[PDB]
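Heads up: the structure comes next, in C-alpha cells.
Please note: Cβ atoms are built from the backbone with ideal geometry, for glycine as well, and neighbour counts cover all protein chains shown. What is reported rests on the model, the rules as stated and the sources as named; these are not laboratory values.
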Amino acid sequence: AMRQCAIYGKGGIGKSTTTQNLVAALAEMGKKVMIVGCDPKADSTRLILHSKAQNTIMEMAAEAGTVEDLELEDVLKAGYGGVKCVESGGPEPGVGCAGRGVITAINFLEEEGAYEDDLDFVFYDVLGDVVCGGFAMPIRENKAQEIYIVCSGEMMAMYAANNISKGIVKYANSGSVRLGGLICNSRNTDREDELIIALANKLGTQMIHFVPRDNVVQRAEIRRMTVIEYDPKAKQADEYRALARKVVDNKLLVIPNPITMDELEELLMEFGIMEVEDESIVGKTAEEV
Amino acid sequence: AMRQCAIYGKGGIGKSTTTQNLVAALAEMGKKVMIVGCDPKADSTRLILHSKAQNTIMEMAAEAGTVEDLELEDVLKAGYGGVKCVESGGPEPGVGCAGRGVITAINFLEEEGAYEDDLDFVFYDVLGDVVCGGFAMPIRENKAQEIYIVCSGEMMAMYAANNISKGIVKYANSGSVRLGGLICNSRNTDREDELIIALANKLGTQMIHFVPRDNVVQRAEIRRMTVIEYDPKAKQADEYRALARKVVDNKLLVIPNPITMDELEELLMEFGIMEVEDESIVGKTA
Amino acid sequence: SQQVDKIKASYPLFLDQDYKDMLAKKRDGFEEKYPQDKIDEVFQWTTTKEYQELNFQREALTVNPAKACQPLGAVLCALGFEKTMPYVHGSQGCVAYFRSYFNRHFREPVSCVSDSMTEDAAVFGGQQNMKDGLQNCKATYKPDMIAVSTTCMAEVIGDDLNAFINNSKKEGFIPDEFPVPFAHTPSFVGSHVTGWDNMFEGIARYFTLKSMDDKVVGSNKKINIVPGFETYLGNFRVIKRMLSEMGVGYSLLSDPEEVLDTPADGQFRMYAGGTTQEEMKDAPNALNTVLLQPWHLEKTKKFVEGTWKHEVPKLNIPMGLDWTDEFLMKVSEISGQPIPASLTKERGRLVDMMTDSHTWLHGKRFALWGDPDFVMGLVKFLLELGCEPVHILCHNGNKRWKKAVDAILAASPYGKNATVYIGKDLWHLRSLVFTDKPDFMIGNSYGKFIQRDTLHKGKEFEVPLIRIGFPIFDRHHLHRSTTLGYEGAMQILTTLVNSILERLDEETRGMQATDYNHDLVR
Ligand code: SF4
Ligand SMILES: [Ca+2]
C-alpha cells in the first residue's frame, strides 16, 4: 500500500526543489508522505521545515555514540502538510561511503518503524551524479521501488539519466526496481521538452512531466518554503500538482534500455544542443588550417 | 623530483580543461609529465592525446579478462610533448566504488613501473564533487602530495573546495599530502577573483592563479587540443604558461584550516554572491 | 586401561598417557592443524576490542543465537490445557527437537505430535496429513483437545490451518465439536515467545469469539492470569500461592505446572491438570485480565481488550521488590482484597535480606541475557540491589522494548554504564565480556562456554556464569526454582550474593598467598 519512490539525477539542477514541491503538492491531495535525503549536500528538507539545514543522522549520531543512541524524536521532523523528513548525512570527508550513511539512516527508520505509519509515499532524494555503489544503495537494499529521474537539456545532465538507467537495470532483473519515468526541469532551452521525450523513448520510458521555470519558485526558496505553501494559486503551483497526479497513477514501471554515448550524442547535436564534429580540423593549428 | 599532484574541483567549471592546459605548458616547457585521469567522465586526457575519449583501464581489463591481460601502451599513451596519459576508469555503473577503480589503476601503473621512467611530475585529475572514500583514495594512499583545488566564484564550486581541504586535514597527520592553493576559473563575477583569495587565506594558503575565460579555449577544445598548442601567441596561452611556473616554484604546501558552513555563508554575502539573509520573510506567507 | 575397582569414564580416561600419545599421533599425522602458536595468536585476537568492532558489523551471520522458533512456544503453551495434545502441523523432524529440547530442561516427559508432512506434500500442501493426522492422534492418545501449530515448511508452502481443520471435521475425520484451536507460527518471525502469544490467542478465540453475547465483565469475581512463556515451575506456583493467600479468585490461563512435574509412582500420565476448557470459555466474565509477561503478549492484550473488553493494566513482570509491589497493589485495586499481613511480612523479610547483604552485591558488574520481560525484570532487580547491569543483551527483543529498559536504567544511579543490545547474539556478548569485563554472567547454559573462553585467556579474566533462565542442561532441577514475586526475589538474591562469595573464596584459598582474606565470617 505504501509506494517507495526515489528521485535520482545530477546535482545543481533544482532536483531537490522539484522533489520537495512534488511532495508538497502530493501533500495537499491528502497523501501522507516522508522524504529521506540521500544527497551528500544535505538540503533535501529545508523547503518543508523552513529550516536552513536539518540535523543529519550522522551528525546527531556522533553526538550520542553509535546510532540507536538517539531517537527519531530529534531526527525525524514534521513540516508542512505533516510531511516527515530526515536527511541521511554527508559522508566524512576523505573517509566514508555516502551510501553507508544512507543505509544506516534507512535501517534506523526501519527499526523505529518510521515506515509502518499510514505512509502512502516515501521519497528518497538521491543524488545520481557518479552513480556508484554508494548512491545506488537505496536500490540495492531494495528499499526503493519506483525510480523517477530528474534532468534537463544538457549533456552531463542527460549523461547522468543514462548511467542511472544503466544502474537500475543491473538490479531490475534480480529485483523489482523499475524506471517510472523522467522529469525535465526547464532550463529555458529551445526544444528542451522535445529532447527529453525523445530520449525517454530510446530508454523505453516516458517523461512523466515537464517542470517549467517560473520565478515564483525562487521566491518560495528565499522564503524557505515550497511553491505550494507559498502561493497555493500560482501557475507553477498547478504545474507540480500535475506531476503529483501523474505519479500517483503511473503504470510505466519498466526496465530501461540504455543507449550508447554515441546514440546519445546523435540526439544532442540533432536537437541543436551539441555541435557536429569536424574530424579533419582535429589537431590543426589556426595557421596550418 | 617527481612531485605527484592532484587537481580537485566541482565537476563543471573548467577543471578538466584548465588541468590539461596547465600540463600542456610543462611538457612544452621541457617537463616530463604524466596525467592520470581520476574523473568518472573520463575526459582528463582528451586534449593532450588529441583523442575523443581515451580507453579507461576498465573498458579494457573488463574486456580482455582482467588486469593481468593489459600492457602499458594499452592504457598509458604519451600525447602532446611526451605526456603519458591514463584514465582511472568510471565505476561499474550502479556498483563498485569509483575510487576503487583508481587504486587498481595507480597500482597497475607501478606493476609496469611507469613512474621511474625519467619523469618530473604526476598529475591526478580527481573529481571533487563529494569527497567520499572513492575520490579521497589518491590522497589516503599518499599517491599524490601537491593538492591544487579548482574552484570558481560559485556557491557549490567553493564548498567542494572547503570539503576537499577537510579531506586533506584528515590524512595530514600521517602523510605529506599538503595543500597548494586555489585555481579560480573566470566566470565574469565581480570580485570573483578576490573572493577566492579572500578564502584561500581563510584556509591557510593562496590563489595560485586566476585563469580568465577566452574564446580561444572554446575554440582550442573544439579542435580536441589545448590553447597552448593552438595559438601560443594568444594572450590566454600566457595565463596558462604563467601558472605553470608558479606551480613548479610554489613552495607553500600547507595544511588547510577548513572554515565552517556559516563562515562561508558570510564570505559569500561579503561579495554580493549570496543574497543577504532576511528573516520575518520566511515561514508562513499569504 | 581400567582398574575394575576404580573405573574411569570419558574423563579422566583420555588423560592416560597412552590416550595422550594416541591422540598426539593422530593430530600431527593427519589433522594438518595450524601450529599451536597460531591458534594462540588468533584466539588472543578475538578477545580484543578490534575484533569486537568487526564482530558487531555482522549482518548476515549469526553465531550462537539466544532464541528458538515460534512453535517451541506454541507447544509449551498448549501443554497448559487439560488433556490437550500439542500438534505441530509440519515436518516431523521439528517435533523431535521440541520434545527433545524441553526434556533436557525439565527432565520430564514432553508429549507432542506431528502429522509428518513430507516432500510429496510440498506441492499440494497436507490437506490429507491433517485429515488422517487429527484422526490418528485423537484415537491414539485420546486427548480432550488438540491445539494445532505449524512448522517452517507448513507456512512457506502456505496451508490454511483453519480450512484444513474445518474439512477434517466435515469429511468426518474427527467430531465437529471436538476442540481443535489453531494458530500459525512461522519460524522466521519473532522468537519462540511469539509462538506462545499466537497459540494462546488462537485458543482464546476458539472459545470466546463466537459467543460474546452472554458474557458480562466482572460476573465471576475472578482475575485471569496469563503466564506467557514460563519455564520455571516455581513461578506458576508462587503466583497461585500469593493470590490464594490474598483471597483473590483467579483463573490461570495456560497452566503446565502439573504435566511438567508428574510424580514417579509407577504409572505414566501424559496429561495432568491444566486449564480446563470451561475456564477459558468463562474467562471473559473475569473482572479483568493481567499479563505477567506483557512484552510478548501484545497479540493477546489486543484480543483481550478488543473482544473480552477488559482493561488490561500496564504492569511489568513481577520481579524484584518494586514491581511485585505494584503487582500486588493493582491486584488489590481490582479484586478489592487488602494486602494480607502475610505478604506484608514476606516483603519485609526480602528487604531484611537485601540489607543483610548489600555490602557484597554493591557495585557488582553483571552481563546478562534472556527474554524481554525476564531480562528487564532481572535488570530492574539488580538495580534495586545496587549492582551495575553493564551488558543487557536480548536477542529476541525489539526497539520499543530497548527504550523502556533504557528508561529504567536512566532512572537509577546504578545504570550509568548500562548498555542494552537487541538483535545481537552470544558471540557478540562474548566480546563485550572480554573488552568491558563484568564480574558474572546471568544467563542460560549456552553461556557455559563464554566462561570457558574467558578462562582460556586467564584466571583473572574468567567470568563465572550464574545459571538463571532457559534452557538449563548442565545442572539439575533448577527448573523448580522461582523468579517471580518476593519468593523469587529471595532466591535470586541468594543465588547471587552466594555466587559472589562462592568465588571470593576460590580466589583466596591459595595457601600462604591469598588465603589471608579467607575469612570464616563474611
Ligand atoms: S561507493 Fe561511491 S560514495 Fe561510496 S565510497 Fe565508493 S565512490 Fe565514495
Ligand atoms: Ca523428571
So residue B:71 clears everything in (1) more than 16 Å from ligand 1 (Cβ to nearest atom); (2) touching a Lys or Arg at 6+ places or on another chain (Cβ under 6 Å) except one condition, right? Which one? (2)
In the range C:476-501, what count of residues is obtained for those that are touching a residue at least 24 places away in the same chain (Cβ under 8 Å) and either farther than 29 Å from residue C:256 by Cβ or outside any helix (DSSP H, G or I) (or both)? 9
Check on residue A:176, closer than 23 Å to residue A:42 by Cα and not aromatic (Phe, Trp, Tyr): no
Can you find a residue in the range C:208-218 that is touching a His at 6+ places or on another chain (Cβ under 8 Å) and either in contact (Cβ under 8 Å) with a residue 24 or more places away in the chain or on the phi < 0 side of the Ramachandran plot (or both)? yes
If I ask for residues that are in a helix (DSSP H, G or I), touching a residue at least 24 places away in the same chain (Cβ under 8 Å) and of a type outside the set (A, V, I, L, M), which ones from the range C:303-326 would you list? C:303, C:307, C:308, C:322, C:323, C:324
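Rundown of residues vs (1) more than 14 Å from chain A (Cβ to nearest Cβ); (2) in contact (Cβ under 8 Å) with a residue 24 or more places away in the chain, yes/no style:
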| position | (1), (2) |
| --- | --- |
| B:200 | yes, no |
| B:231 | no, no |
| B:244 | yes, yes |
| B:256 | no, yes |
Looking at (1) touching a residue at least 40 places away in the same chain (Cβ under 8 Å); (2) charged (D, E, K, R); (3) more than 23 Å from residue C:128 (Cα to Cα), which is the only condition residue C:240 fails? (1)
Taking the range B:205-224 and keeping residues part of a loop (DSSP other than H, G, I, E, B), over 19 Å from residue B:45 (Cα atoms) and within 19 Å of the chain's Cα centre (by Cα) leaves B:205, B:206, B:207, B:208, B:212, B:213
Is it the case that some residue within the range C:78-92 is outside the structural domain of residue C:234 (by CATH), within 22 Å of residue C:276 (Cβ to Cβ), within 16 Å of ligand 2 (Cβ to nearest atom) and crowded, with 20+ Cβ neighbours inside 10 Å? yes
Taking the criterion of being more than 11 Å from every other protein chain (Cβ to nearest Cβ), in a helix (DSSP H, G or I), within 21 Å of residue B:267 (Cα to Cα) and more than 16 Å from ligand 1 (Cβ to nearest atom), would at least one residue in the range B:146-154 satisfy it? no
Residue check, residue C:345 of a type in the set (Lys, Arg), assigned to a helix (DSSP H, G or I) and loosely packed, with under 15 Cβ neighbours inside 10 Å: yes
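Answer with yes or no whether residue A:190 is surrounded by fewer than 17 Cβ atoms within 10 Å (Cβ to Cβ), out of contact with any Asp or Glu (no Cβ under 9 Å at 6 or more places or on another chain) and not in a loop (DSSP other than H, G, I, E, B).
For residue A:190, the condition - surrounded by fewer than 17 Cβ atoms within 10 Å (Cβ to Cβ), out of contact with any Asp or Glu (no Cβ under 9 Å at 6 or more places or on another chain) and not in a loop (DSSP other than H, G, I, E, B) - is not met.
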Hey, among the residues in the range C:94-106 that are surrounded by 17 or more Cβ atoms within 10 Å (Cβ to Cβ) and of a type in the set (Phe, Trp, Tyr), which one's farthest from ligand 2 (Cβ to nearest atom)? C:98
Candidate set: the range B:28-50, residues that are surrounded by fewer than 24 Cβ atoms within 10 Å (Cβ to Cβ) and touching a strand residue (DSSP E or B) at 6+ places or on another chain (Cβ under 8 Å); chosen: the one nearest to residue B:134 (Cα to Cα): B:42
Among the residues of the range A:236-289, what is the count of those that are among the aromatic types (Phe, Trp, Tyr) and surrounded by fewer than 13 Cβ atoms within 10 Å (Cβ to Cβ)? 0
Test each condition in (1) of a type outside the set (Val, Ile, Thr); (2) under 25 Å from the mean Cα position of the chain (by Cα); (3) surrounded by fewer than 17 Cβ atoms within 10 Å (Cβ to Cβ) for residue C:243 and report the one that comes out false. (3)
For the range A:42-145, please list each of the helices (runs of 4 or more DSSP H) lying entirely inside it that holds at least 2 residues being more than 27 Å from residue B:102 (Cα to Cα) and away from chain B (no Cβ under 14 Å). A:57-61, A:98-111
Checking the conditions here, which among C:109, C:181, C:186 is within 16 Å of ligand 2 (Cβ to nearest atom) and more than 14 Å from every other protein chain (Cβ to nearest Cβ)? C:109
Residues being surrounded by 23 or more Cβ atoms within 10 Å (Cβ to Cβ) and either part of a helix (DSSP H, G or I) or outside the structural domain of residue C:197 (by CATH) (or both): count how many of those fall in the range C:145-163. 1
Scan the range A:164-176 for residues that are surrounded by fewer than 24 Cβ atoms within 10 Å (Cβ to Cβ), in a helix (DSSP H, G or I) and not β-branched (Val, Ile, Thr) and jot them down. A:166, A:170, A:171, A:172
Can you confirm whether residue B:130 is surrounded by fewer than 17 Cβ atoms within 10 Å (Cβ to Cβ) and within 14 Å of ligand 1 (Cβ to nearest atom)? no
So residue A:284 clears everything in (1) within 14 Å of chain B (Cβ to nearest Cβ); (2) touching a residue at least 40 places away in the same chain (Cβ under 8 Å); (3) not in a helix (DSSP H, G or I) except one condition, right? Which one? (2)
Which of the residues spanning the range C:114-144 are under 28 Å from the mean Cα position of the chain (by Cα) and surrounded by 22 or more Cβ atoms within 10 Å (Cβ to Cβ)? C:114, C:115, C:143
Restricting attention to the range B:86-127, and to residues there that are in contact (Cβ under 8 Å) with a residue 24 or more places away in the chain and within 10 Å of ligand 1 (Cβ to nearest atom), which single residue is surrounded by the fewest Cβ atoms within 10 Å (Cβ to Cβ)? B:100
Suppose the filter is more than 16 Å from ligand 2 (Cβ to nearest atom) and touching a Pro at 6+ places or on another chain (Cβ under 7 Å); does residue A:93 pass it? no
Taking only the range A:258-281 into account, find how many residues are in contact with a helix residue (DSSP H, G or I) (Cβ under 6 Å, 6 or more places away or on another chain) and outside any helix (DSSP H, G or I). 4
